[PDB]
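Observations on the three-dimensional arrangement
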Amino acid sequence: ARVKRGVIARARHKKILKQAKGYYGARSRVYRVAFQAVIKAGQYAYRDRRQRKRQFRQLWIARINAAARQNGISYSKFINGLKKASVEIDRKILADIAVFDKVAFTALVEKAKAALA
Amino acid sequence: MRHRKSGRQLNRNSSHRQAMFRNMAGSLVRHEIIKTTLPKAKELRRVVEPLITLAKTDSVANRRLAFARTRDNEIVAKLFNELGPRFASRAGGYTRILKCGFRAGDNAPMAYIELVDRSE
Amino acid sequence: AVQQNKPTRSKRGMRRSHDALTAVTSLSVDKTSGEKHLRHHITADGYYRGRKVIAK
Amino acid sequence: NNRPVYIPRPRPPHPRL
Amino acid sequence: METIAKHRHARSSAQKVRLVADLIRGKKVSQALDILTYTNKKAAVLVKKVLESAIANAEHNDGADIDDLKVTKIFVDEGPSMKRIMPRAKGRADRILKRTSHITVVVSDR
RNA sequence: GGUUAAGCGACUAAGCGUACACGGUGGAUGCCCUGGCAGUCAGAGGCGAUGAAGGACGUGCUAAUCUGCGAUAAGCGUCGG
RNA sequence: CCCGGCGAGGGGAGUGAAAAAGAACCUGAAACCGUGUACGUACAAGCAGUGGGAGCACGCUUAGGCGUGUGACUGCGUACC
RNA sequence: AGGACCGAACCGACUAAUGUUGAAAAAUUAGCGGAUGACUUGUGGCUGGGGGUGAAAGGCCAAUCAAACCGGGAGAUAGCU
RNA sequence: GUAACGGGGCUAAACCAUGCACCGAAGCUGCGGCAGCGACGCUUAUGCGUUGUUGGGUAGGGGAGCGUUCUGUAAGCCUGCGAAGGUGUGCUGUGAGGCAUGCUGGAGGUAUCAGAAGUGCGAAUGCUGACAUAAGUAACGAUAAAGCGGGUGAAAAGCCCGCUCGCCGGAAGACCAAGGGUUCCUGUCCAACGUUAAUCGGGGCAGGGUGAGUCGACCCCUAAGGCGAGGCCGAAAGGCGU
C-alpha cells in the first residue's frame, strides 16, 4: 500500500518554520537551515533557564553592595550582621527594599551593625 | 594620458576615420544639412569649416587642393560657385549644430549639423 | 575566482542601491511653441530658441 | 531538459609526487 | 478608485524595469509621462504605453478629469521564463533564460 | 526677555532586517480517469504462395495527423439483427 | 467600446454559481522576486541566537498591565551529518 | 635520369604567440619539411575484437583501446566508502 | 604587533603563618510537577493517608507510545447554511500529536476497536521540475569599414533605391560531383528564433515554381569485390566456390 508523505512532511516543515519565525536571513525561510536554529535556540534556552538565576543573583548582589557602601558598610559585613541577627531575607527582597525605600534599608543596616558590634 | 592632444578616434583606424570624415563632409556640403551623432559633428566641424575657408579664395592651385580634399569634382564645383560669395562676409562659424535627442537604435547622442544658411 | 558561499539578498540590494537612475528634472518650455524639450535640445516639431531650425 | 551527456575529462593534476 | 492596468508577458526584465518604475513611483501623471517620454530606456516606452492605457481607462471606464490623478501603486514583477540552449566551448551546454516581467500601474485621484 | 558659554539631546534612510496585507514564477498536496500491474473463470494457441506479420504510396468537398480501406480504394454485393 | 502599433496585453460590457474558472484556464503551498504599513539601523566587529531589557506602533477591560510587531544596550554563546 | 634542387596547389604539424567555462571537445598568424614519387587524392570494396591492421608507438579499429560498442549472465562480487 | 600576570593596573592589588566574613556549579537544601524499582497498612485487573531510592548518555538490549494509505466495523456518521488540501490564531498533552475557528476551495471524508505496510527524510560528490548566487558581470562569435539623402513603417544605422569609402577577385566569382529536401520566387506578420531592434530573413501562414530521343541517371559489358544453381567441407548456424 503506497503511502504519500507530502502532507506530513509539510506539516512538520510548517511547525519548524513557525518555531523559527523571526530569525534573520535564510534562518527564517529555509527549513533545512531553520531546523538548526530551533535546536540551537532550545539549547540556548535550556542554558539560560539556569544562567538567569545566577545573573539575577549577580545583579542583586551588586545592588546590595552599592546600597551598603552608600550607607557606610560593606556587603560582606552587612550579610554577616544579618546572619548573626538571624534574618532570613533574600537578595531579591533586599534589593527591592534598597531601590524603593531608603529608610527600610537604613534600618536593616543599623540592625546589622548592632548585631555585628 | 592625452594632455592637450586633439583628434577623436571614433573606434576607427586612421584610414577609416579620414574616409568617414571625407564622405561626411562631402554629403554635408552637398545637402546643406545632415543628421549625425554629436561627437561625429563635433569632429566634422574641424574638417568641413576649413573647406569653406579654402573655398573663400579662387585660383587654379586652390581648386586643385579643394579637389584633392573631398575627392569630388561636383562638390568642388559647388564650392567657389555658391559657397564662396554666400559667406564672403562671414569670418568663421560656417556650421551650426543643433542637438536632436538620441538615436533609437543604440541611444547615441544625435544632432543636426548644417551651415548658417537656408533663409530662403 | 569563484565564491566560497552564496551572498545574501541584503548585500545584493545594498550593491544594487547605487544602480538607480536620476530623473532629468530639467524640462524646458519653449518660449514660442510652449513645448517641453530637453535643455539645449530642439523640440520634436523642430523649434529651438523660438526660431525654427529643421524646416521639416 | 536533458542532462549534459558529454563531460570533458578532468584537467590532469599537477605533479604531487 | 483602482483603475488598474498591466502588461503581462513583457519582454523586458523586471530587474531592469524596476529602475524605470522607481523614477515615476508616487509622482503626478504628467510628470511621469514626460519623464518616461524623455527617459533613455526601452523600459521607459514599455511602461509609458501601460501608463497611457491606465489613463485612457480612467478617462473612459471611470471618472474624467485626469488632471487630479496620481500614480499611487506601481510595481514590476517577473513573469514566465523561456528556456533556450546556447552552445558553448568544449561541447558544454548552458541554458539561457529569456526573462519576462509583469508590470502593473494603479492610478487614483486621492 | 536678550547676548555668550557648558552639558544633554530627538527629528534623516541612499538601502537593509523583522511581522503583517496584497501581488507574481512555480505545478507540490487534495479529488477523478475511458491508463497501467497481477490473478480467477472459458476459448483458442497460430498466421501464409487460392500471397503472413510489418511497412511505402494513394483513398473524403476538405491543406495536415489518427482510424479503416486499396485504382470497386472512411469502401461494393446477398442474407439476417 | 476604449487605450494600444488594423499587434500582444489590459481596462469597461456581457456569458457564466464562480472570469484572482479566459483557453499560459480544478484545488493553487514552498524556495525566489516587489509594493505599503510599524519598528530598528549610517562609532560599531564574529553561527546573527537565548535571558534581561527602555522606547515606539496597534486593540482591551480598566485607567495597570495585558495580546502582537519592532527592538537600542547588556551576560553567555566558535551551525548540522 | 634523378625515392634531385628552390618554390605554388596539396600533404603534415618542428618553433613562438593567442585560445584552456575558447571562434574550435588540439583551433588561428608568421615562420616550417616534402611537393615526379616509399607522393597524394575522389569513388567502390576486402582484412572484425584476444581478433583486424600496424615503415612497430602498445599506436589506430567512428571524439572511447595493455583488449571497441551494443544487449544478456547481472541487482556479478566488494572483508571497502 | 606589546604578546612568558588575560588586560587595566598594582610597592601591596607581590610571597609565608593565622583568623573572621562573602561571591562561587545543572553540587546540596526548600517548594511544586512527572516516570521506574522494593516494602509494608491496604486497594486486590487500581488509588494510594505511604516509605527509601533511581531518572547524563554513544554503540547496544528491553518496554510503552504518536502520525498516514487501504480493508471489516461502515448502505452507520459529518458534509453544497461547505468535505479534503492550503493558510494564521487560542487552548491542550513530558511527546511524536489532538481539538475549534478567520479566509480560499469546491465534493468528498470518516468516530471507536482490529488487520498489512511501498508507513514518517536532513544529508548518500543521490534522481526529476523550478528558482536564486555570482550578475545585470564576461560575451554579443577574425581589427574587410561605413556615411549621407529619399521611401515604407508607430518606431530605421542594419528593411527598399541613389552617390560616395572599403574587401575577395586562382575567389570571399560561376558551374557542378557527393550531401541536404522546397531553405527558390511572390503576397502577408513580428506570436517564437537572428547572441540587440527590425518594417528584414535561409522565421510563422498561403500561393507558384523543377518541361529532355541529344544533360545525367536508366540500359549493354566489365575490373576490385559481393551473391551463387549444381559441388566440396563443417555438430547446426554456416565457410569456400563452378
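Overview of the structure. (Residues numbered from 1 in each chain as written, not as in the entry; some residues may be left out. Chains lettered and ligands numbered in written order. Part of a larger assembly, values for the part shown. Heavy atoms only, no water.)

Residues and elements named next belong to chain B. In this model, helix 2 (residues 38-55) (18 residues) spans 25 Å end to end at C-alpha, consistent with the 26 Å of a helix rising 1.5 Å per residue. The largest bend in helix 2 comes to about 35°, at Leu44. Each element contacted by the buried residues of helix 2 is listed here: helix 1 (14-31), strand 1 (33-37), helix 3 (60-68), strand 2 (95-102) and strand 3 (109-115). (Helix = DSSP H or I, 4+ residues; strand = E, 2+ residues; numbered from the N terminus. Expected span 1.5 Å × (residues − 1). Bend = angle between axes of the 7 residues up to and from the residue. Contact = heavy atoms within 4.5 Å.)

Further remarks concern the protein's contact with RNA strand I. Residues in close proximity to RNA strand I total 60 residues, the closest being A:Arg54, B:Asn23, B:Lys35, C:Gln3 and D:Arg3. Sugar plus phosphate: this is where 73% of the atoms of RNA strand I within 4 Å of the protein reside. Note that a phosphate oxygen of RNA strand I is positioned 2.9 Å from one of the side-chain N or O atoms of A:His13. One of the side-chain nitrogen or oxygen atoms of E:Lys83 is found 3.5 Å away from a phosphate oxygen of RNA strand I. Among the elements that take part in the surface near RNA strand I, helix 2 (residues 31-71) of chain A stands out by supplying nine residues, more than any other. Residue classes in the surface near RNA strand I are distributed as 16 nonpolar, 15 polar and 29 charged. (Near = heavy atom within 4 Å. Polar contact = N/O pair within 3.5 Å; in protein donor to acceptor, adjacent residues only side chain to side chain. Nonpolar A, V, L, I, M, F, W, Y, C, P; charged D, E, K, R; others polar.)

A few words on the arrangement of the chains. Once contacts are tallied for each of the five pairs of chains in contact, the highest total is for chains B and C. Over all C-alpha pairs, chain A and chain B never come within contact, reaching a minimum spacing of 40 Å. The least C-alpha distance between chain C and chain D, which are not in contact, is 17 Å.

The subject of this paragraph is the sheet that holds strand 3 of chain B. Residues and elements named next belong to chain B. The three strands are arranged 1-3-2 in an open sheet whose pairing can be described as antiparallel. The sheet is open, and its two edges are formed by strand 1 and strand 2, each paired on a single side. Taking the axes of each pair of neighbouring strands and ignoring which way they run, one obtains an average angle of 25° across the sheet. Helix 1 contacts strand 1 and strand 3 of the sheet and is inclined by roughly 145° relative to strand 1. (Pairing = 2+ DSSP bridges. Axes fitted to C-alpha atoms, helices over the stretch in contact; angles between N-to-C directions.)

Right, let's get into the pattern of salt bridges. Pairing is possible between side chains that carry opposite charge, provided their charged atoms lie close to one another. All names here are of chain B. What the rule picks out here adds up to 13 salt bridges over all chains. Where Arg118 meets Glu114, a salt bridge forms, and the shortest distance between an N and an O atom there is 3.5 Å. For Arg118, a relative accessible area of 30% puts it in the partly exposed group. Given a relative accessible area of 2%, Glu114 falls into the buried group. Connected through shared salt-bridge partners, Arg8, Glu43 and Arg46 make up one network. (Salt bridge = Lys/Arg side-chain N within 4 Å of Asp/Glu carboxyl O. Buried < 20%, exposed > 50% of the residue type's maximum accessible area, 1.4 Å probe, protein only.)

What follows concerns the pairing of strand 5 (residues 101-108) of chain E. Residue and element names in this part refer to chain E. Judged by how many residues are buried, strand 5 sits mostly within the fold: eight of eight residues are covered. The two faces of strand 5 match: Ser101, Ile103, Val105 and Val107 on one face and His102, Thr104, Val106 and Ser108 on the other face are all buried. As defined by bridge partners, strand 1 (residues 4-10) adjoins strand 5 across five bridges and the pair is classed as antiparallel. Residue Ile4 lies in a different strand from strand 5, and its bridge partner there is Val106. Note that strand 2 (residues 70-78) and strand 5 share eight bridges and pair antiparallel. Across the sheet, residue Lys73 finds its bridge partner in strand 5, namely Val106.

Time to look at the protein's contact with RNA strand H. The local shell around RNA strand H consists of D:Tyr6, E:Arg88, E:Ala89, E:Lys90 and E:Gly91. Between RNA strand H and the protein, one listed contact pairs a phosphate oxygen with a side-chain N or O atom of E:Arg88 at 2.6 Å. For RNA strand H, a phosphate oxygen lies 3.2 Å from a polar atom in the backbone of E:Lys90. Grouping the amino acids of the surface near RNA strand H by side-chain chemistry returns two nonpolar, one polar and two charged.

A word on the packing of helix 1 (residues 6-20) of chain A against helix 2 of chain A. Residue and element names in this part refer to chain A. Contact geometry for helix 1 and helix 2: axes closest at 9 Å, N-to-C directions at 55°. With respect to helix 2, the axis of helix 1 lies oblique. In terms of crossing hand, the pair formed by helix 1 and helix 2 is left-handed. Here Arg12, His13, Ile16, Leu17, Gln19 and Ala20 of helix 1 lie close against helix 2, whose contacting residues are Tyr31, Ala34, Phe35 and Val38. Residue classes in the contact of helix 1 with helix 2 are distributed as seven nonpolar, two polar and one charged. (Parallel < 35°, antiparallel > 145°, perpendicular 65-115°, else oblique. Left-handed = near helix turned anticlockwise from the far one by under 90°.)

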